[PDB]
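Shown below, as structure tokens, is a lone chain in the form deposited in one PDB entry; questions about how it binds or moves come after it.
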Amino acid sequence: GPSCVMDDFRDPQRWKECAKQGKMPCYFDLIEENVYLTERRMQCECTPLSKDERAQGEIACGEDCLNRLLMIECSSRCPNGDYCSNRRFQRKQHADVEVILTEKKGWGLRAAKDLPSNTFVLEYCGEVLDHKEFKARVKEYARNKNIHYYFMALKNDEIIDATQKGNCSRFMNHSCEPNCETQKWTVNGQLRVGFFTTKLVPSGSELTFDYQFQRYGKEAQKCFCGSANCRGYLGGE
């Protein structure tokens, strides 16, 4: 049914109005970068490309970049400088995606262009919690009878919670037969998580990933992904 584009989320007044008429998802605080609840050199050796090579369509810090090969982003001090193609998280080089209402899963993401395989979609941003804060929030959310949950594992004692604060990545739904994956990238010595396509995604297709997370509580949510190999429930490892 109703869809919306990512720029629609930049106007909180218009958003709150479209929301009241069921044309946009419920309001949340839109953020650019992870926020830590509790607060807590790496140069590559790529050969600076010439003016000539930039013009032909050559890639600066491409598949042989030693930073890229370790899922580390370069900094502003990269030998390719401005031209470095390995600062996707930092430069918000997100894929062209729209937010759409699904039949039974709530809102979702869909490709607005064809997206090649291994294309960066979006960073999963949110409030970064420790294990204690996370468990507190699970209990609070269960008490409030929330339907949608927004936790993503980042690393030991770091769980991203996009329930209150996040970005449009929070709309990506789980599928047992997905077309995207998470990848954890080191950006300024700190880990972030992003969604990347794992195959060619046709324009108009819903973007999905295989959500993996330790099981908590009782009454696990049912999966409506529609795959022949559906596990039937969301989460688990």
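Just so we're on the same page, rigid core means the largest C-alpha set that superposes within 1.5 Å between forms. When you see a residue number, it is the position in the sequence shown, counting from 1.
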Between us, would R41 come up missing in a third or more of the other compared entries?
yes
Neighbours in the displayed sequence, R40 and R41 may still hide a gap; how many deposited residues lack coordinates there, none, 1 to 3, 4 to 9, or 10 or more?
10 or more
Which is higher on mean Cα B factor in this entry, 109 to 117 or 162 to 170?
109 to 117
Tell me which stretch, 46 to 54 or 188 to 196, has the higher mean Cα B-factor listed in the entry.
46 to 54
From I59, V35, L69, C180, the top C-alpha temperature factor is at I59
Relative to the other modelled residues in the chain, which third contains the C-alpha temperature factor of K155: lowest, middle or highest?
middle
If you rank every modelled residue in this chain by C-alpha B factor, which third holds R143: lowest, middle or highest?
highest
Ranked by Cα temperature factor within the chain, is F213 in the lowest third, the middle third or the highest third?
lowest
Comparing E123 with the other modelled residues of its chain, is its CA B-factor in the lowest, middle or highest third?
lowest
By its CA B factor, does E73 count among the lowest, middle or highest third of the modelled residues in the chain?
lowest
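The protein also exists as the form deposited in another entry; that form is not presented, and the subsequent description refers to it.
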Comparing between this form and the one not shown on the rigid core, is the C-alpha shift at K23 2 Å or larger?
no
